[PDB]
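Structure file final-v1.cif (mmCIF, C-alpha atoms) follows.
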```cif
data_input
loop_
_atom_site.label_atom_id
_atom_site.label_comp_id
_atom_site.auth_asym_id
_atom_site.auth_seq_id
_atom_site.Cartn_x
_atom_site.Cartn_y
_atom_site.Cartn_z
CA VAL A 495 36.95 -2.79 55.91
CA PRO A 496 35.04 -6.03 56.73
CA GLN A 497 31.92 -4.58 55.08
CA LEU A 498 33.58 -3.16 51.96
CA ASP A 499 35.53 -6.39 51.34
CA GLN A 500 32.65 -8.87 51.40
CA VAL A 501 31.66 -11.26 48.63
CA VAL A 502 29.08 -9.83 46.21
CA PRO A 503 26.74 -12.02 44.11
CA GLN A 504 27.66 -13.30 40.66
CA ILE A 505 24.81 -13.63 38.17
CA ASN A 506 24.04 -14.85 34.68
CA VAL A 507 21.41 -12.91 32.72
CA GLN A 508 19.74 -14.34 29.61
CA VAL A 509 18.03 -12.14 27.02
CA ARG A 510 15.94 -13.51 24.16
CA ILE A 511 14.93 -11.36 21.19
CA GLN A 512 12.36 -12.85 18.81
CA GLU A 513 11.02 -11.48 15.56
CA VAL A 514 8.44 -13.06 13.25
CA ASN A 515 7.03 -11.57 10.05
CA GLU A 516 4.35 -12.86 7.69
CA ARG A 517 3.05 -11.85 4.27
CA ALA A 518 0.14 -12.68 1.97
CA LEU A 519 -0.69 -11.36 -1.50
CA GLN A 520 -3.63 -12.00 -3.83
CA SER A 521 -4.05 -10.57 -7.34
CA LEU A 522 -6.84 -11.23 -9.83
CA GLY A 523 -7.78 -9.43 -13.02
CA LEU A 524 -9.56 -9.88 -16.35
CA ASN A 525 -8.55 -7.80 -19.35
CA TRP A 526 -10.54 -8.22 -22.56
CA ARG A 527 -11.43 -6.49 -25.83
CA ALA A 528 -14.58 -7.11 -27.89
CA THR A 529 -15.25 -6.08 -31.50
CA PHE A 530 -18.71 -6.34 -33.03
CA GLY A 531 -20.27 -4.32 -35.82
CA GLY A 532 -19.04 -0.74 -35.63
CA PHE A 533 -18.25 -1.03 -31.92
CA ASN A 534 -14.90 -1.55 -30.20
CA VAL A 535 -15.04 -2.18 -26.44
CA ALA A 536 -11.95 -2.60 -24.26
CA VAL A 537 -12.07 -3.28 -20.51
CA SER A 538 -8.94 -3.27 -18.35
CA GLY A 539 -7.82 -2.63 -14.79
CA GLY A 540 -5.59 0.39 -15.26
CA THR A 541 -8.06 2.22 -17.46
CA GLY A 542 -11.68 1.24 -17.12
CA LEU A 543 -14.21 1.07 -19.94
CA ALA B 544 -15.47 23.52 -31.39
CA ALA B 545 -17.57 23.97 -34.54
CA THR B 546 -16.47 25.13 -38.00
CA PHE B 547 -18.14 25.72 -41.35
CA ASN B 548 -16.68 25.15 -44.81
CA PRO B 549 -18.51 26.93 -47.66
CA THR B 550 -16.38 25.29 -50.37
CA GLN B 551 -17.07 21.58 -49.68
CA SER B 552 -19.94 19.48 -48.34
CA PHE B 553 -19.85 16.19 -46.45
CA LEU B 554 -21.99 13.18 -47.35
CA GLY B 555 -24.59 12.21 -44.79
CA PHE B 556 -24.12 12.26 -41.03
CA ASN B 557 -21.26 10.73 -39.05
CA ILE B 558 -20.96 10.76 -35.27
CA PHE B 559 -17.58 9.20 -34.28
CA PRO B 560 -18.18 8.90 -30.50
CA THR B 561 -15.80 7.69 -27.79
CA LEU B 562 -16.56 6.70 -24.20
CA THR B 563 -14.38 6.35 -21.10
CA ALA B 564 -15.29 5.39 -17.54
CA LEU B 565 -13.18 4.46 -14.52
CA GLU B 566 -13.79 3.53 -10.89
CA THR B 567 -11.29 2.86 -8.13
CA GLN B 568 -11.08 2.10 -4.42
CA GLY B 569 -8.33 1.75 -1.84
CA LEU B 570 -7.87 1.02 1.84
CA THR B 571 -4.68 1.06 3.89
CA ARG B 572 -4.43 0.01 7.54
CA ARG B 573 -1.36 0.07 9.76
CA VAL B 574 -1.39 -0.88 13.44
CA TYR B 575 1.23 -0.99 16.21
CA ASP B 576 0.97 -2.30 19.80
CA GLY B 577 3.93 -1.64 22.06
CA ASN B 578 4.63 -2.70 25.66
CA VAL B 579 7.50 -1.49 27.82
CA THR B 580 8.21 -2.42 31.44
CA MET B 581 9.71 0.31 33.62
CA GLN B 582 9.94 1.77 37.14
CA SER B 583 8.52 4.87 38.81
CA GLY B 584 11.49 7.18 39.11
CA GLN B 585 13.28 5.84 36.07
CA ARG B 586 15.95 8.07 34.55
CA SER B 587 17.25 8.24 31.01
CA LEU B 588 20.37 6.47 29.76
CA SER B 589 23.26 8.35 28.13
CA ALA B 590 25.11 6.05 25.77
CA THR B 591 24.57 7.67 22.35
CA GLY B 592 27.90 6.42 20.96
#
```

What does the file become when written as structure tokens?
Amino acid sequence: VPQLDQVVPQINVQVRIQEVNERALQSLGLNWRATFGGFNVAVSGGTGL
Amino acid sequence: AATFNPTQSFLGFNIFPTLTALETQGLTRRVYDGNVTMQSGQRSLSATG
């Protein structure tokens, strides 16, 4: 009995959960259309020449 | 796909060309680095809800 009735420790546990997220985007595009004699040229990003 | 018409006759030569060209590139990366701290004879946990 004296051993099963002793004081046991009391504790405080701290847990920290961190989460950080970062993003970065960069677009750039030229999209033209030239018309000289007889010719018709169109340059884009989706379709090419 | 060539045809001939013996009843009519075009004037001169016409060529009516059309060009198309496309190029593309891509590159996807995805990386993970995970740590876990544990013990030697560690057992699983049965919570599972």

Taking only C-alpha atoms into account, find every residue of chain B that has an atom no more than 10 Å from chain A, and write it out as a PDB file with C-alpha atoms, in the coordinates of the input.
```pdb
ATOM      1  CA  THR B 561     -15.800   7.690 -27.790  1.00  0.00           C
ATOM      2  CA  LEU B 562     -16.560   6.700 -24.200  1.00  0.00           C
ATOM      3  CA  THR B 563     -14.380   6.350 -21.100  1.00  0.00           C
ATOM      4  CA  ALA B 564     -15.290   5.390 -17.540  1.00  0.00           C
ATOM      5  CA  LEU B 565     -13.180   4.460 -14.520  1.00  0.00           C
ATOM      6  CA  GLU B 566     -13.790   3.530 -10.890  1.00  0.00           C
ATOM      7  CA  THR B 567     -11.290   2.860  -8.130  1.00  0.00           C
TER       8      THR B 567
END
```

Take every atom of segment 525-543 of chain A listed in the file, fit an axis-aligned box around them, add 5 Å per side, and give the centre and edge lengths in Å to one decimal as lines of an AutoDock Vina configuration file.
```
center_x = -12.9
center_y = -3.0
center_z = -25.3
size_x = 24.7
size_y = 20.4
size_z = 31.0
```

Pairwise distance for atom CA of residue 516 of chain A and atom CA of residue 570 of chain B, rounded to one decimal in Å: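 For atom CA of residue 516 of chain A relative to atom CA of residue 570 of chain B, the distance reads 19.4 Å.
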
Atoms added to segment 551-579 of chain B (N, CA and C atoms), reported as a PDB file, keeping the file's coordinate frame:
```pdb
ATOM      1  N   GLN B 551     -16.829  23.016 -49.575  1.00  0.00           N
ATOM      2  CA  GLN B 551     -17.070  21.580 -49.680  1.00  0.00           C
ATOM      3  C   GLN B 551     -18.381  21.236 -48.984  1.00  0.00           C
ATOM      4  N   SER B 552     -18.704  19.946 -48.975  1.00  0.00           N
ATOM      5  CA  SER B 552     -19.940  19.480 -48.340  1.00  0.00           C
ATOM      6  C   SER B 552     -19.810  17.989 -48.082  1.00  0.00           C
ATOM      7  N   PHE B 553     -19.947  17.589 -46.822  1.00  0.00           N
ATOM      8  CA  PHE B 553     -19.850  16.190 -46.450  1.00  0.00           C
ATOM      9  C   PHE B 553     -21.057  15.408 -46.958  1.00  0.00           C
ATOM     10  N   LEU B 554     -20.914  14.087 -46.973  1.00  0.00           N
ATOM     11  CA  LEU B 554     -21.990  13.180 -47.350  1.00  0.00           C
ATOM     12  C   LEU B 554     -22.604  12.575 -46.100  1.00  0.00           C
ATOM     13  N   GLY B 555     -23.890  12.813 -45.898  1.00  0.00           N
ATOM     14  CA  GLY B 555     -24.590  12.210 -44.790  1.00  0.00           C
ATOM     15  C   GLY B 555     -24.126  12.736 -43.438  1.00  0.00           C
ATOM     16  N   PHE B 556     -24.436  11.946 -42.416  1.00  0.00           N
ATOM     17  CA  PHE B 556     -24.120  12.260 -41.030  1.00  0.00           C
ATOM     18  C   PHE B 556     -23.211  11.187 -40.450  1.00  0.00           C
ATOM     19  N   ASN B 557     -22.165  11.619 -39.753  1.00  0.00           N
ATOM     20  CA  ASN B 557     -21.260  10.730 -39.050  1.00  0.00           C
ATOM     21  C   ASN B 557     -21.077  11.254 -37.631  1.00  0.00           C
ATOM     22  N   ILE B 558     -20.868  10.351 -36.671  1.00  0.00           N
ATOM     23  CA  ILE B 558     -20.960  10.760 -35.270  1.00  0.00           C
ATOM     24  C   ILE B 558     -19.679  10.519 -34.478  1.00  0.00           C
ATOM     25  N   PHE B 559     -18.903   9.497 -34.840  1.00  0.00           N
ATOM     26  CA  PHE B 559     -17.580   9.200 -34.280  1.00  0.00           C
ATOM     27  C   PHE B 559     -17.455   9.402 -32.764  1.00  0.00           C
ATOM     28  N   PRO B 560     -18.246   8.699 -31.957  1.00  0.00           N
ATOM     29  CA  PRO B 560     -18.180   8.900 -30.500  1.00  0.00           C
ATOM     30  C   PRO B 560     -17.084   8.058 -29.855  1.00  0.00           C
ATOM     31  N   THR B 561     -16.837   8.354 -28.578  1.00  0.00           N
ATOM     32  CA  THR B 561     -15.800   7.690 -27.790  1.00  0.00           C
ATOM     33  C   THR B 561     -16.128   7.835 -26.318  1.00  0.00           C
ATOM     34  N   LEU B 562     -16.160   6.720 -25.595  1.00  0.00           N
ATOM     35  CA  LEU B 562     -16.560   6.700 -24.200  1.00  0.00           C
ATOM     36  C   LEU B 562     -15.400   6.252 -23.322  1.00  0.00           C
ATOM     37  N   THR B 563     -15.402   6.713 -22.075  1.00  0.00           N
ATOM     38  CA  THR B 563     -14.380   6.350 -21.100  1.00  0.00           C
ATOM     39  C   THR B 563     -14.981   6.445 -19.713  1.00  0.00           C
ATOM     40  N   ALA B 564     -14.759   5.421 -18.895  1.00  0.00           N
ATOM     41  CA  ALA B 564     -15.290   5.390 -17.540  1.00  0.00           C
ATOM     42  C   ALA B 564     -14.340   4.598 -16.660  1.00  0.00           C
ATOM     43  N   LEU B 565     -14.123   5.083 -15.440  1.00  0.00           N
ATOM     44  CA  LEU B 565     -13.180   4.460 -14.520  1.00  0.00           C
ATOM     45  C   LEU B 565     -13.701   4.578 -13.099  1.00  0.00           C
ATOM     46  N   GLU B 566     -13.476   3.535 -12.307  1.00  0.00           N
ATOM     47  CA  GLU B 566     -13.790   3.530 -10.890  1.00  0.00           C
ATOM     48  C   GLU B 566     -12.631   2.908 -10.138  1.00  0.00           C
ATOM     49  N   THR B 567     -12.413   3.358  -8.908  1.00  0.00           N
ATOM     50  CA  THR B 567     -11.290   2.860  -8.130  1.00  0.00           C
ATOM     51  C   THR B 567     -11.654   2.901  -6.650  1.00  0.00           C
ATOM     52  N   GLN B 568     -10.965   2.079  -5.863  1.00  0.00           N
ATOM     53  CA  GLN B 568     -11.080   2.100  -4.420  1.00  0.00           C
ATOM     54  C   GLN B 568      -9.755   1.688  -3.801  1.00  0.00           C
ATOM     55  N   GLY B 569      -9.539   2.107  -2.561  1.00  0.00           N
ATOM     56  CA  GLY B 569      -8.330   1.750  -1.840  1.00  0.00           C
ATOM     57  C   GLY B 569      -8.612   1.753  -0.356  1.00  0.00           C
ATOM     58  N   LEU B 570      -7.755   1.057   0.385  1.00  0.00           N
ATOM     59  CA  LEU B 570      -7.870   1.020   1.840  1.00  0.00           C
ATOM     60  C   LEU B 570      -6.556   0.558   2.433  1.00  0.00           C
ATOM     61  N   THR B 571      -5.917   1.417   3.216  1.00  0.00           N
ATOM     62  CA  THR B 571      -4.680   1.060   3.890  1.00  0.00           C
ATOM     63  C   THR B 571      -4.888   1.115   5.394  1.00  0.00           C
ATOM     64  N   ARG B 572      -4.490   0.050   6.083  1.00  0.00           N
ATOM     65  CA  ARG B 572      -4.430   0.010   7.540  1.00  0.00           C
ATOM     66  C   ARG B 572      -2.998  -0.211   7.985  1.00  0.00           C
ATOM     67  N   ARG B 573      -2.681   0.280   9.177  1.00  0.00           N
ATOM     68  CA  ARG B 573      -1.360   0.070   9.760  1.00  0.00           C
ATOM     69  C   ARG B 573      -1.481   0.226  11.262  1.00  0.00           C
ATOM     70  N   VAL B 574      -1.147  -0.821  12.009  1.00  0.00           N
ATOM     71  CA  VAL B 574      -1.390  -0.880  13.440  1.00  0.00           C
ATOM     72  C   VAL B 574      -0.108  -1.258  14.164  1.00  0.00           C
ATOM     73  N   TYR B 575       0.111  -0.662  15.336  1.00  0.00           N
ATOM     74  CA  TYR B 575       1.230  -0.990  16.210  1.00  0.00           C
ATOM     75  C   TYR B 575       0.735  -1.118  17.645  1.00  0.00           C
ATOM     76  N   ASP B 576       1.277  -2.087  18.384  1.00  0.00           N
ATOM     77  CA  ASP B 576       0.970  -2.300  19.800  1.00  0.00           C
ATOM     78  C   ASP B 576       2.267  -2.501  20.565  1.00  0.00           C
ATOM     79  N   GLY B 577       2.688  -1.503  21.332  1.00  0.00           N
ATOM     80  CA  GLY B 577       3.930  -1.640  22.060  1.00  0.00           C
ATOM     81  C   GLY B 577       3.816  -1.654  23.573  1.00  0.00           C
ATOM     82  N   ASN B 578       4.439  -2.639  24.215  1.00  0.00           N
ATOM     83  CA  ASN B 578       4.630  -2.700  25.660  1.00  0.00           C
ATOM     84  C   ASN B 578       6.047  -2.289  26.016  1.00  0.00           C
ATOM     85  N   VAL B 579       6.200  -1.649  27.173  1.00  0.00           N
ATOM     86  CA  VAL B 579       7.500  -1.490  27.820  1.00  0.00           C
ATOM     87  C   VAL B 579       7.287  -1.627  29.322  1.00  0.00           C
TER      88      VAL B 579
END
```
